[PDB]
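In: Structure for the following, please:
(8 chains, ligands or ions: 22)
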Amino acid sequence: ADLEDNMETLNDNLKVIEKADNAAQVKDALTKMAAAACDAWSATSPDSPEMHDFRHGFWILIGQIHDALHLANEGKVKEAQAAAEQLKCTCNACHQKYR
Amino acid sequence: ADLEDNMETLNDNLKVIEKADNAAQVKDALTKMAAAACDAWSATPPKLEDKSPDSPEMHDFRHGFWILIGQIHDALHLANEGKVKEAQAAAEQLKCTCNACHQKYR
Amino acid sequence: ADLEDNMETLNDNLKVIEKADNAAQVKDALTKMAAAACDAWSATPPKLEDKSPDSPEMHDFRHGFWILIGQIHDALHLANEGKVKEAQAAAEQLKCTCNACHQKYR
Amino acid sequence: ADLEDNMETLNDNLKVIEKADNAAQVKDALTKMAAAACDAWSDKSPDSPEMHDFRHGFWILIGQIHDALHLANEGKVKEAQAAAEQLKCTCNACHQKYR
Amino acid sequence: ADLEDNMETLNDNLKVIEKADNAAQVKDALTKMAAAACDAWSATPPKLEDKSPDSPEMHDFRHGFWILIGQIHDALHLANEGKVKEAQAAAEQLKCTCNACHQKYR
Amino acid sequence: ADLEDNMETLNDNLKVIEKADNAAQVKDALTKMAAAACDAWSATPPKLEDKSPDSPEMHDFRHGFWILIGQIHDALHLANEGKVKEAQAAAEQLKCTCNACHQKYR
Amino acid sequence: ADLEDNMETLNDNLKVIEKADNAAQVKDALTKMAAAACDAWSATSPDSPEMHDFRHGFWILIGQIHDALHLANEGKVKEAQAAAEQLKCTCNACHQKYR
Amino acid sequence: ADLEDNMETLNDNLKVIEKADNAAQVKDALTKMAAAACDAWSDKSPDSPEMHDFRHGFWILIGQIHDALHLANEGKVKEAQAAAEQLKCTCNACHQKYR
Ligand code: HEC
Ligand code: HEC
Ligand code: HEC
Ligand code: HEC
Ligand code: HEC
Ligand code: HEC
Ligand code: HEC
Ligand code: HEC
Ligand SMILES: [Ca+2]
Ligand SMILES: [Ca+2]
Ligand SMILES: [Ca+2]
Ligand SMILES: [Ca+2]
Ligand SMILES: [Ca+2]
Ligand SMILES: [Ca+2]
Ligand SMILES: [Ca+2]
Ligand SMILES: [Ca+2]
Ligand SMILES: [Ca+2]
Ligand SMILES: [Ca+2]
Ligand SMILES: [Ca+2]
Ligand SMILES: [Ca+2]
Ligand SMILES: [Ca+2]
Ligand SMILES: [Ca+2]
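Out: Numbers count the residues shown, from 1 in each chain, chains lettered A, B, ... in the order given. Ligands and ions are numbered 1, 2, ... in the order given. Sure, the structure comes next:
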């Protein structure tokens, strides 16, 4: 996907998680997020260091998303949603820098 | 793309990395691999179509790609450091993970 | 020590790393693993006793430890960077290599 | 001073930045936050990677406070106010791990 | 502490490093230097007592320690890798910062 | 080249970096600064023409560029990681070395 | 083994390789070396950075030994012996520093 | 100057250090070697990791020449003479790879 979709996806599903009731909604939104992050982490100069640093921010995000999913799969719902709110830290870090 | 199609990409770009002289060929291959592994991570394989998406088998299948993706990330990182021979080695080790998933769900 | 004895050490210290809280426990375990893998690299396993030391099987057996040793080196490196959770993950992935050699020569 | 007293100064002054109106209270409050954070960056061993890690946390924190002061000093108060809120990320990140 | 004694601390340790044999010594010295630099950041030097805490000279004085701190950190890092010589030489480049500030505000 | 023009090159690029937006700019500037510094290493400045090539002042003059070079390298590295701000600020700390040498031999 | 043995081994087998006739003598001496390096790379403070840097020198050595063995296993004898002579570079690097 | 001319200066001056008697020829020859090596450190792309790698090679080489001069400057001629011989390691290492 287009990077803009990847952001729609991440942003949309962040909201879903916040509003979510049960664990199946959380797992499902985070899965969507994980994939968007993975796709955004791979795209089409031999490659600038701002590219390297950009890609790296997605890689962090993925790992964090992945931790959160793990909590949701363990059944810890409360804990998962908090991690999702903690992701914002990384979202804005990037946006500050590259936007 | 298709789960089959992803496996193709992985396998071609594995061979590209064996036969690669220079570091650009290897980044380029590994990146095409990562993209393929990312797409595959969401796929649902034949043998597990009858299973729940939440089944331990589907969990485990997803985990194999999570692993594979980390191994490509780690190999990428080497190729950036210009460590061609290392990155080709880290790539050859992927086959273990390829095989372990195949053994179980192919 | 004995090839069997090495496999013990590996397996105990694999479990230590699963249950480890702090980073010192994990370095300490991984180091005991490395030492064991190093000793094993020269060992000659039962199933291959009839083979030439220069046989492709013995080559391949040695290669599995060479691989395993690199994976412990790489996991060690993470534990030094204080990246406990990563190093425990890199450790769990060893099992693939444990298993691939076992499949063939155990 | 005491590490308890560092964390209090951090927390309190973070609140004062939330509440502040003009650049000078923000400049002042951050200046205090910085001191506490430099103090801080200084059963487990002295050499242990948990301490390399712990210290490195405050190194991040300091860089972030320095930036937020640089904004305050320029007169971008609002932008400084936000830089400050996002510090929490690092606070928590340490807390999650070592609180 | 006495701004003066922070400076005693910086100067003493500068020399310690200069004749240190091993890294553990160097880290320790640098770590004391960092502590001193941190405490120094807040101080008003006698030449600026008359001046506004906001004065451009106080900003410049503060910024001098900020540079100093950074350099100490960069030298610490060279020490943790065990590049003793490289740490020792970083630590000698600090003298430029010492001197620049001193030339303007001592 | 003209020692003077090396210094023109160092000064021009110092400013380039100062107002660069992206990293590719910064690397380029730093790389020119390195080239200039290298060529400068061999030069005799007018104030030392009278002196022995072995003279302690020529050693000290040479050593000033050696420091400078190192700092350029350390700033280059911050640039290749894409820490633009950090590179830009390293590059401002070079001014201390510029000034120290100038104060003594210009 | 004692580090002194590890050195006897490495030194003894370097000489053997130099004097070697056939590929089986080279493979065999390098194998002995590889093992000595591996053992020296693992031994019995939370751990000094000079220790880290020391261990690292062995790790380089192993990788080099391993390349050389590979050439010998391919049949390239001449090439292997040269690599063994190239190892000295690493041997002395360490000795300079730590001895 | 030309990169061919760098490598010649390096090689020739390396020979002059082998042959030298007093500190001044060693000091001089290395001084020349250093210049050539600083020149050098400066179909594949500009940004490529092969060039990061190539350059980094000469960075090593320079550090080694600097050390060997520092010995020469102290009057440890013999020790400088050996520091010089061991440079070959780096020469070859580059050569093996990029000659
Ligand atoms: C960089 C490493 C990023 C991370 C991590 C995240 N985002 Fe992002 N985001 C990034 C860029 C460069 C852009 C601008 C590109 C463009 O033109 O679209 C964005 C943009 C957004 C947007 C709005 C863009 C749009 O579609 O019009 C949103 C809503 C957004 N990003 C949300 C978002 C969330 C929720 C993230 C984490 C959970 C996140 N982003 C991470 C770069 C990066
Ligand atoms: C699971 C977690 C897998 C990992 C990791 C890898 N592969 Fe795979 N692969 C997997 C499945 C379930 C299948 C069957 C697909 C189907 O619908 O039939 C495959 C298939 C392949 C194939 C064959 C495709 C075909 O032509 O039928 C190849 C060539 C292949 N896989 C290669 C491959 C490589 C090289 C991998 C890692 C480097 C790899 N796979 C990982 C499941 C999984
Ligand atoms: C080959 C290259 C191997 C690798 C890598 C690992 N192991 Fe292994 N293991 C191997 C063999 C040939 C054998 C049989 C030994 C015998 O003489 O009987 C083993 C055996 C074990 C055992 C069982 C020992 C016993 O009680 O009989 C265990 C528990 C074991 N191995 C564990 C293990 C682990 C945890 C590894 C990696 C992390 C590992 N092995 C790697 C060959 C190889
Ligand atoms: C580590 C790298 C930390 C960072 C960065 C921050 N904090 Fe912290 N904090 C840390 C520890 C280990 C502790 C426990 C200390 C104790 O003895 O309790 C704390 C504690 C606090 C507290 C509670 C202390 C109390 O008196 O009860 C607060 C209020 C606190 N921390 C706030 C805080 C803020 C606001 C931070 C960033 C802006 C922050 N901390 C960062 C470790 C670390
Ligand atoms: C400003 C940004 C400074 C930096 C950086 C350093 N120093 Fe300093 N130093 C500074 C001042 C204003 C003074 C005068 C203090 C006073 O109260 O009169 C000093 C003083 C010293 C002294 C003399 C100390 C004494 O006991 O009288 C020393 C020996 C000294 N400073 C050393 C020093 C070193 C070694 C530095 C860097 C490594 C350094 N200073 C930095 C202001 C600043
Ligand atoms: C000694 C070790 C030096 C260092 C480090 C730097 N410079 Fe320099 N510079 C030096 C000398 C001896 C001279 C005089 C040259 C002459 O022939 O008279 C200079 C001169 C300059 C000048 C003026 C250049 C001109 O065209 O007249 C500038 C602008 C200059 N130097 C800048 C400069 C910068 C920006 C440096 C570091 C980044 C720097 N110099 C270092 C000796 C030394
Ligand atoms: C450090 C990372 C080393 C590498 C790589 C190599 N050697 Fe070494 N060696 C090292 C040390 C610290 C010592 C002294 C320790 C002691 O007291 O023994 C040595 C010593 C030797 C010796 C003599 C020691 C003895 O047994 O009396 C020899 C002959 C020797 N080393 C040879 C050698 C060779 C051939 C190497 C590479 C092929 C090599 N060493 C690497 C540290 C390190
Ligand atoms: C890379 C990082 C290098 C280092 C370090 C050294 N050399 Fe080099 N050298 C290098 C290259 C890519 C080439 C090929 C250049 C060409 O156009 O041929 C060379 C070449 C030489 C040559 C031959 C050039 C000729 O005119 O035929 C010599 C004699 C030479 N190099 C010597 C040399 C010495 C003595 C070095 C260290 C002390 C050294 N080189 C280091 C790349 C690199
Ligand atoms: Ca859309
Ligand atoms: Ca609802
Ligand atoms: Ca698809
Ligand atoms: Ca098929
Ligand atoms: Ca044994
Ligand atoms: Ca048994
Ligand atoms: Ca304190
Ligand atoms: Ca006093
Ligand atoms: Ca001493
Ligand atoms: Ca001119
Ligand atoms: Ca501009
Ligand atoms: Ca013996
Ligand atoms: Ca013979
Ligand atoms: Ca040139």
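In: can you tell me if whatever helix or strand residue A:4 lives in touches chain B.
Out: Element membership of residue A:4, judged by DSSP states H and E, is helix A:3-19. No: contact of helix A:3-19 with chain B (C-beta under 8 Å from any C-beta of the partner chain) is absent, the minimum separation being 11.5 Å. C-beta: built from backbone N, CA, C; applies to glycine.
In: ok, then the element right after that helix?
Out: Moving toward the C-terminus from helix A:3-19, the next helix or strand (DSSP H and E) is helix A:23-40.
In: check whether that following helix contacts ligand 1.
Out: No: contact of helix A:23-40 with ligand 1 (C-beta under 6 Å from any ligand atom) is absent, the minimum separation being 6.8 Å.
In: what angle do that helix and helix A:3-19 make?
Out: 160 degrees (axes from the mean of the first three to the mean of the last three C-alpha atoms, to 10 degrees).
In: List of residues touching helix A:23-40?
Out: Residues outside helix A:23-40 that contact it (C-beta atoms under 8 Å, 6 or more residues apart in numbering or on different chains) are A:1, A:3, A:5-7, A:9-10, A:12-14, A:16-17, A:20, A:58, A:61-62, A:65-66, A:68-69, A:72-73, A:75, A:77, A:80-81, A:84, B:35, B:38-39, B:41-42, B:54, B:69.
In: from the residues you listed, which would you call buried?
Out: With burial judged by 16 or more other C-beta atoms under 10 Å in any protein chain shown, the buried subset of the contacts of helix A:23-40 is A:6, A:9-10, A:13-14, A:16-17, A:20, A:58, A:61-62, A:65, A:68-69, A:72, A:77, A:80-81, A:84, B:35, B:38-39, B:41, B:69.
In: Which strands or helices does the helix holding residue A:4 pack on?
Out: Helix A:3-19 sits against helix A:23-40, helix A:77-98, with contacts defined as 3 or more C-beta pairs under 8 Å, 6 or more residues apart in numbering or on different chains; DSSP states H and E.
In: Minimum distance to ligand 3, which residue of chain A gives it?
Out: For chain A, the residue closest to ligand 3 is residue A:70, as judged by C-beta to the nearest ligand atom, at 22.8 Å.
In: Show the contacting residues for that residue.
Out: No contacts exist for residue A:70 under C-beta under 8 Å, 6+ apart.
In: Now it: which helix or strand?
Out: helix A:49-74.
In: wait, does that helix contact ligand 1?
Out: Yes: residues of helix A:49-74 contacting ligand 1 under C-beta under 6 Å from any ligand atom: A:54, A:57-58, A:61.
In: Which member of those residues is positioned nearest chain C?
Out: Checking the residues of helix A:49-74 next to ligand 1 against chain C with C-beta to the nearest C-beta, the nearest one is residue A:61 at 15.9 Å.
In: which residues touch that closest one?
Out: A:37, A:87, A:90-91.
In: sorry, back to before: out of the residues of helix A:49-74 next to ligand 1, who's nearest ligand 5?
Out: Checking the residues of helix A:49-74 next to ligand 1 one by one against ligand 5 (C-beta to the nearest ligand atom), the nearest turns out to be residue A:57, at 34.4 Å.
In: Please name the nearest non-neighbouring residue to that closest one.
Out: residue A:94 (4.6 Å; C-beta to C-beta, 6 or more residues apart in numbering or on different chains).
In: Can you tell me how far the residue of chain A found nearest chain D is from ligand 1?
Out: When distances are taken as C-beta to the nearest C-beta, chain A reaches nearest to chain D at residue A:89, 3.7 Å away. Here residue A:89 is placed at a distance of 9 Å from ligand 1 (C-beta to the nearest ligand atom, to the nearest Å).
In: I'd assumed residue D:91 was in contact with that residue.
Out: No: checked against C-beta atoms under 8 Å, the pair residue A:89 and residue D:91 is beyond contact range at 10.5 Å.
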